[PDB]
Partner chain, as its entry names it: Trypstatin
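As structure tokens, one chain now follows by itself in the form solved without its partner chain.
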């Protein structure tokens, strides 16, 4: 996250870190046993780290749980990032407390102009790189679809929306992928195209979670 702020510790209790040795992607806890992330974050083995603030320091509220099932959307396209969404089933249920809690699925798509919260441990610089120890946050509005399409002509599919500032300065960046975009208490997005890194006319592109609610439900049911 570029141009954001350090979140209050454990104030985003749905935010998880995906780990394969080290942190490499974000995700969101949507039920005691399931996490939503980006399909491009797939690895054949993933440890989900919940309750984190500083990912380098065991602070005492963490839960480390291995992924038991890692399911990409079946229409995921690695090249275009169409349908860039994935579900992780945890090996044991998360323990719900002040520091580990779920985020509601959305009941409607988000309107342009809605204020959202994007978070993660990705690069915090537009020039060079700094990967933070503590979770970063960014408040940003949903952009109109025309602004999104004009930023990336021919590349914005029906599964995508943009959040940010066409002027640059505040955005997601490398290793925020997979993480949450939360608007009015609901998970509306998954960080998908997180290479814009706050450059002008290159806002972040996010997967429209609302378009996948039925797939999410069906997948949970099929693997429960």
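Numbering follows the first chain given and starts at 1.
Between the stretches 211 to 219 and 196 to 204, it is 196 to 204 that shows the larger average CA temperature factor. Just going by the entry, 140 to 148 versus 84 to 92 on mean CA temperature factor gives the higher value to 140 to 148. Residues shown: 65, 182, 191, 166. Highest C-alpha temperature factor in the entry: 166. In this entry, the residue among 40, 49, 69, 45 with the greatest C-alpha B factor is 45. Per-chain ranking of the deposited C-alpha B factor places residue 110 in the highest third.
Among the modelled residues of its chain, residue 33 has a C-alpha B-factor that falls in the lowest third, as given in the PDB entry. Among the modelled residues of its chain, residue 97 has a C-alpha B-factor that falls in the middle third according to the deposited record. Per-chain ranking of the deposited C-alpha B factor places residue 123 in the lowest third.
Residue 57: CA B factor lies in the highest third for its chain, per the PDB record.
The form solved in complex with its partner chain exists for this protein as well; it is not shown, and the discussion that follows is about that form.
Looking at its partner chain in the bound PDB entry, residues 35, 67 and 220 place no heavy atom within 4.5 Å of it. Though the partner is left out of this view, residue 174 does reach within 4.5 Å of its partner chain in the bound PDB entry, counting heavy atoms only. A residue is said to contact a partner when one of its heavy atoms sits within 4.5 Å of a partner heavy atom; residue 78 meets this definition for its partner chain in the bound PDB entry.
Its partner chain is not drawn, but in the bound PDB entry it has a heavy atom within 4.5 Å of residue 23. Using a 4.5 angstroms limit between non-hydrogen atoms, residue 192 touches its partner chain in the bound PDB entry. For its partner chain in the bound PDB entry, the listed stretch (27 to 35, 193 to 201, 180 to 188, 59 to 67) containing residues with heavy atoms inside 4.5 Å is 193 to 201.
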